[PDB]
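Everything on this sheet refers to the single structure shown next.
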Amino acid sequence: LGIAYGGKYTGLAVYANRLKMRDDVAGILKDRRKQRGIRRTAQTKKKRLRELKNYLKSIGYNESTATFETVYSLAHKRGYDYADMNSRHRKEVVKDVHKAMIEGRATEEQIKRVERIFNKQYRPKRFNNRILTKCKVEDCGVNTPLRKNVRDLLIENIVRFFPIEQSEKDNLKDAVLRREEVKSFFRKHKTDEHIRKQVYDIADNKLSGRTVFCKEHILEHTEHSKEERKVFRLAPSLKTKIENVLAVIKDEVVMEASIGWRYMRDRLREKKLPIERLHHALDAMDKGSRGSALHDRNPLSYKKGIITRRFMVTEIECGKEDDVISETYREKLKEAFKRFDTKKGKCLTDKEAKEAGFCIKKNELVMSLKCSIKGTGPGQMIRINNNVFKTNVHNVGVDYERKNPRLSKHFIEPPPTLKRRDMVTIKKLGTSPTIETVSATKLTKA
RNA sequence: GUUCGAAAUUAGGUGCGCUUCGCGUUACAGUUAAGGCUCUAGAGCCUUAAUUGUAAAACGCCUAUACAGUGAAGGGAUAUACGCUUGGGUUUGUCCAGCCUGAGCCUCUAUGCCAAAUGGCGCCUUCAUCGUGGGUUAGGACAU
DNA sequence: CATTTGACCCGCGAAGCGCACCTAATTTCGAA
DNA sequence: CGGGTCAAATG
Ligand SMILES: [Zn+2]
């Protein structure tokens with residue numbers, strides 16, 4: 001093998017071929033997770049609002065009444081409850097709800113049910129039993145316990161090696177799980193400081209995670225010492241990296257980033273391969289995919305042929321203020337940059353915007369300016385519900401460009417067989433695709 | 001006695017999943033503040049910006065045998081499910097991740113909250129009732 | 001009038017829970 | 001952070 005991997009690169013120094021691994025999948029999953037969290041928060045907000053509306057209408061506070069107005073507006077921003085006394089606390093929102101429903105002449109049971117709606121848990125929190133480490137011995141596929149549920153077994157695993165009799169071992173085990181008793185025992189039955197910490201840690205600490213062995217095998221681990229450490233749960237991004245490297249190996253070991261070492265070591269054997277744990281070889285993405293974003297995350301405004309969007313003054317770049325629609329605020333922003341000298345950093349800053357007089361919002365917060373969107377065109381605009389989005393995956397091929405079947409019903413501009421990366425006699429696609437900085441129209445299939 | 005292997009423990013980092021709280025975006029509607037034009041100091045319209053409210057945030061796919069509210073009763077560690085067995089939806093060229101989830105079950109895993117036993121509560125179940133919902137999707141491989 | 005050709009575009013923050021998989025170190029037991 | 005966008009410019 002000779003594989004050696006590190007940082008963003010790897011080398012199969014059997015051969016001396018270097019390979020570049022994907023160093024993005026982690027950040028892509030991170031934002032595929034932030035998006036899912038945003039979506040689920042919004043769905044729970046809709047659930048809660050539906051329930052609150054139904055209840056308020058059921059008790060005579062119909063939508064036209066001020067009680068409904070106030071309570072429904074309060075239910076949009078209910079505050080946080082992870083702690084107790086950028087957001088208000090659940091208690092302040094519920095205090096305002098009580099105030100409004102009292103002023104509405106509501107009964108105690110009604111206010112209490114509205115409070116229950118404001119405190120309801122719409123999606124269960126399930127985290128106590130999610131990741132399931134199975135027992136290491138080959139004949140025991142059963143679940144290992146959480147280490148906090150078998151503190152007795154873990155304490156026994158340590159006390160079974162003390163120079164004392166079994167009766168004193170059992171007494172000590174029962175005492176530590178009787179506080180000064182264990183201290184006196186150790187003070188008399190001199191024991192190593194590390195062993196004493198370990199037993200105290202098992203007795204007292206918050207034991208996250210599971211044990212390598214089940215109940216029936218925690219103590220028997222010495223009988224299985226020759227079996228190496230096993231792995232079952234590796235990060236999908238590291239899995240993608242390592243499996244791309246392994247696929248390269250399959251098409252075509254002192255393996256010196258260290259995470260996931262055992263997963264490679266086990267895939268390299270797939271039975272007994274030994275392991276000895278830009279010039280890297282000398283030391284030794286497809287955004288059109290079916291799971292990529294169909295469009296941008298921030299919707300755009302598309303009015304009478306002009307694409308614009310609101311960007312904060314601290315989000316509009318120096319040298320680009322010409323996209324700001326307002327003539328007056330363009331001049332104001334230019335008057336701000338010939339004092340700020342922001343051309344280097346180009347980002348501008350909250351303090352600078354406030355000093356320049358762009359703090360116009362409710363909380364003295366920096367205003368926003370509508371700016372025209374460069375780098376986009378009409379062909380990329382889609383409309384879903386009220387939102388207009390830029391889609392970078394509008395092109396799936398060219399026959400005249402071919403529109404994305406997942407967006408044909410949403411394109412604002414009506415439409416008038418080389419796919420991307422095909423071999424022809426393609427890095428960017430269109431009616432005259434870019435083929436490799438040369439662009440041509442008369443490509444032919446090859 | 002060195003080395004190596006395992007387990008345990010601790011700290012760091014990396015990452016994965018769940019549940020929320022916001023800001024920002026967008027659509028409409030109402031206001032305020034200006035800028036302009038147009039009718040005639042006002043009045044009508046367009047712009048920008050602020051402030052209010054409500055609504056959308058991937059497309060889709062799958063579910064009404066579904067889903068949630070309310071009430072009653074029963075069960076609640078001889079119990080349930082995030083567990084086990086075995087699925088199904090997302091799901092498509094195909095296969096997956098991840099999430100969700102049905103039926104049976106308690107051999108492994110887990111089991112919360114408010115008040116020493118015990119007591120409520122969440123929880124599970126059946127029914128009655130008003131109904132209109134719920135899950136997943138912004139990732140990876142392969143083929144094309 | 002098809003090509004270069006050069007600049008431009010792209011959602012952020014926090015909290016509460018779980019978890020694994022690698023480093024660093026120690027104990028203990030097994031071996032080779 | 002590729003896949004485009006526009007307008008410009010041997011054209
Ligand atoms: Zn076992």
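Keep in mind that the numbers below use all heavy atoms, side chains included, and drop hydrogens, waters and symmetry copies. In what follows, every chain begins at residue 1, and chains take the letters A, B, ... in the order their sequences are listed.
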Given a cut-off of 3.5 Å on both distances, is [N] paired to [M] by Watson-Crick or G-U wobble rules?
N	M	result
B:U86	B:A11	no
B:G74	B:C39	no
B:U132	C:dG11	no
B:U109	B:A66	no
B:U94	B:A77	no
B:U92	B:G119	no
B:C67	B:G131	yes

Residues A:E228, A:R269: salt bridge by 4.0 Å N-O rule: yes

Side-chain donor/acceptor of [X] to base of [N], under 3.5 Å:
X	N	value
A:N385	B:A56	no
A:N386	B:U26	yes
A:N143	B:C108	yes
A:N128	B:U111	no
A:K390	C:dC9	yes
A:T240	B:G140	no
A:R233	B:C16	yes
A:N298	B:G24	yes
A:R290	B:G140	yes
A:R126	B:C82	no
A:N392	D:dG3	yes

Ring centres of B:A66 and B:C67 closer than 5.5 Å, with planes less than 30° apart? yes

May I ask you to say whether B:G71 and B:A72 are base-stacked, judged by six-membered ring centres under 5.5 Å apart and ring planes under 30 degrees?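 As far as the 5.5 Å and 30° test goes, B:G71 stacks onto B:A72.
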
If you only use heavy atoms from C-beta on, which nucleotide in [options] is closest to the side chain of [X]?
X	options	result
A:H76	B:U137, B:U52, B:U54	B:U54
A:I202	B:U14, B:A8, C:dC29	B:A8
A:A440	B:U51, C:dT3, B:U70	C:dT3
A:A26	B:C16, C:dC10, B:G22	B:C16
A:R40	C:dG13, B:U136, B:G139	B:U136

How far, in whole Å, is [M] from [N] if one measures between their [atom1] atoms?
N	M	atom1	answer
B:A49	B:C21	P	30 Å
B:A56	B:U86	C1'	40 Å
B:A33	B:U52	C1'	15 Å
B:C67	B:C100	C1'	14 Å
B:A110	B:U9	P	14 Å

Under 4.0 Å from OP1 or OP2 of B:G17: is there any side-chain N or O of A:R130 that close?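 So the side chain of A:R130 is outside the cut-off, no N or O lying under 4.0 Å from OP1 or OP2 of B:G17.
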
Tell which nucleotide pairs with C:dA32, taking only Watson-Crick or G-U wobble pairs whose two distances are both under 3.5 angstrom. B:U2

Minimum heavy-atom distance between A:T434 and A:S439, given as atom pair plus value: OG1-OG, 3.3 Å

Identify whether any heavy atom of A:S289 sits under 4.0 Å from a base atom; if not, whether one sits that close to sugar-phosphate; answer base, sugar-phosphate or nothing. sugar-phosphate

Take the angle between the ring planes of [X] and [Y] and call it parallel below 30°, perpendicular above 60°, tilted in between.
X	Y	result
A:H76	A:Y72	perpendicular
A:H295	A:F389	parallel
A:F162	A:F185	parallel

Would you mind telling me which of A:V114, A:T65, A:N62, A:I117 makes a side-chain contact (heavy atoms from CB on, under 4.5 Å) with A:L56?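 It is A:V114; the other options fail the test.
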
Which residue lies toward the 5' end of RNA chain B, A:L132 or A:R147, if each is placed at its nearest nucleotide? A:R147

Both A:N205 and A:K304 contact RNA chain B. Taking the nearest nucleotide for each, which residue is further toward the 5' end?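 So the residue in question is A:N205.
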
Please report, rounded to the nearest Å, how far the P atom of B:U132 is from the NZ atom of A:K46. 17 Å

Nearest whole angstrom, please: distance from the P of B:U9 to the NZ of A:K206. 14 Å

From the list A:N392, A:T391, A:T376, side chain to side chain donor-acceptor pair (under 3.5 Å) with A:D296 holds only for A:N392

5' precedence on DNA chain D between A:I28 and A:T376 (nearest-nucleotide basis):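 The residue mapped nearer the 5' terminus is A:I28.
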
Which way does the sugar of B:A77 pucker, north or south, judged by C1'-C2'-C3'-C4'? south

Is A:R48 close to A:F118 at the side-chain level, that is, under 4.5 Å between some pair of heavy atoms?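 With C-beta onward as the side chain, the pair stays apart.
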
